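Below, in C-alpha cells: the form deposited in one PDB entry, a single chain.
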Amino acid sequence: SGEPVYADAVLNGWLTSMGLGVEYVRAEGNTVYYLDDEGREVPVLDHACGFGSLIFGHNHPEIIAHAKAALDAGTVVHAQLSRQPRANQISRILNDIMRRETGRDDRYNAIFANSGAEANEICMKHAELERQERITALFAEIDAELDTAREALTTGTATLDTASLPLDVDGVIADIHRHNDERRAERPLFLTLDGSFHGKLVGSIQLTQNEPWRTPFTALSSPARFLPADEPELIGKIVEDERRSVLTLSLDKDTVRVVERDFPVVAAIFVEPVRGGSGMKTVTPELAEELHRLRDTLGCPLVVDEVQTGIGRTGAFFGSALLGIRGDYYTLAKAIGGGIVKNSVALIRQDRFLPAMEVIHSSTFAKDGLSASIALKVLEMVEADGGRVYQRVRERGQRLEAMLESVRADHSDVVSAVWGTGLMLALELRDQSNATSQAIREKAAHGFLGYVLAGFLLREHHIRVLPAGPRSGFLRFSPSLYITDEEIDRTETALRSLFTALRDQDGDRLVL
C-alpha cells in the first residue's frame, strides 16, 4: 500500500515475490512456526538455522535454562576494565581442544568481539601490527645500509656504480627516502580465495568476493586478491605480480649500488575450511599446501575463519583440524552464542601475539558476562561424554549427505553436485539461464533461482531452505545435530518434488 514504513520495505517486497514472505512466531529444536489465516501454528523444518548458528537447534532447553540462571544470579554483563577470568577460562578450553585435534602443543591468546566480522577485523588489525613491526625492522636496516654506503662514498673507499641509477650521494639518498616513504604509506593487500565470505563491515567487506555486496565500497578500505582455489598453479604468479620493492644502497668491497629489497605488502591470508560463499566447498589438501607455502613465503599470518565451520559443524570442533589447515590466527562466532546471544573470538598464536593489542583494542560489549557464561555452557555441551556430540554430527552428516547424493543421482539433470562435510552441506543447481519456461529463465537471469526454489519448498513441503553462493546457485542444508531420520525423509520427498517440477519446467508451480 502507501502507509508509512520504517524498515525492511524493499527486503520484505523482495522476500514476498520469492515465496519467502513468512513471519516465524516461535522456534523449538529444528522447527520454526508461522501462523496460518486461522491463527494455528504451522511447523516448518529449518535447514538454514541462523546460517549454521544452531548446532543445538533453536532455543535448546539447556541453553535457555543456563541463560535464565545467569540472569537471575545477577551476572556482571558490564565489568569493563576489571578482572574477567571467564575470558581466560574460555581461551583455555579452546586451546585444550585445538591441542587434542591437531596434536600441536601450541598456545593462543583470545580477544573477544560481538560478530564474525568483528573477529575477522581483530585479525586484520593484529596482522597489520605484525606488518608494521616487519616494516620498522626493514627501515632500520635500510638506514644502517645507507649510513655505511655514505661512509664508503665520502671517506673515498668506494665508487657509486651509475648502471644502478635508473632506480650524487646526498641527492640519491633523498630520492631513496622519498620512494621508500611513498611505499610505506601504501595500503596493504589481503589474500582470500575466490567466493570468500569474511563479513560485511568496512574492512571485512573487501575480503568478500560477492560483487554487488563489495564493489560499491572498493574505495574505503584495503583490497583482497581473490586467489583461484581450483587452479592453484596460477596463485604463485598472481602473488608474484604483487611483489613491491623499497630501495637501499648495497656496499660490496669498493662498488656501491642502488638495489631493490622486498617490501611486506600482504597483511594476511584468510581461508574458510568449508567455503560458505562458494557453496560449501571443502579446502582440498593441494590448496591447503599452497596456503601454507604462501604463509611461509610472505611471513604474514594465515587466518582461519571458523565463524561457520567451528563448534562441531564439520564433525570436529575445528574444521581446520579435520582438513589439516595449519593457521596462525583462528576466528569463531556462530554457535558460541548458544543460538541466543552474540559473541566471537580471535585466537592469535602466543609467539606472534603483540601485547599492545590487549590495551589498544577494545569494544563496549565484548567479553560481557552473559555471553561469557553461555560460551562456557556451549563448550561444556559440545565436549560432554568424551566427544559423543562430534560423533553425532558425523553420523547425522553422513545420513543427510547420503540422502542428498541419492537425490542428485536421480536428478543430475538439474543438480550438478553435493558439497561440504559434517552438517554443513549444499546442493549445486545446474544453470537455468536457458530454461524453456520464461518465468524460471527470468529468475535464473536475475540470480534469484535458489530463492524461488526455496519458496517452493516452504509453501508445498513446509521446509525452510536458504540459498548460498553468488547467484543463489546452491541450496544450503545446515540443520542441528538433532535432525531426525523422519525430517531427512521429508526433505528427500520435498527435493524429489522440487527437482521433478524443475525437470518439467513448471513455471506456474515454481514462480508466483
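Take the two forms, find the largest set of C-alpha atoms that superpose within 1.5 Å, and that set is the rigid core. Residue indices: 1-based, along the sequence shown.
Quick note: we don't show the form deposited in another entry, though the next part is all about it.
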Checklist entry - After the core is superposed, which of these residues, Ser320, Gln308, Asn343, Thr331, moves its CA 2 Å or more between the shown form and the other one? => result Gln308
Next on the checklist: Core superposed first: is there a CA shift of 2 Å or greater at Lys253 between the shown form and the other one?
Outcome noted: yes
Checklist entry - Closer or farther apart in the other entry, the C-alpha atoms of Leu54 and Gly310, for a change of 3 Å or more? => result closer
Checklist entry - Since the CA distance of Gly310 and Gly339 differs by 3 Å or more in the other entry, is it closer or farther than in the form displayed? => result closer
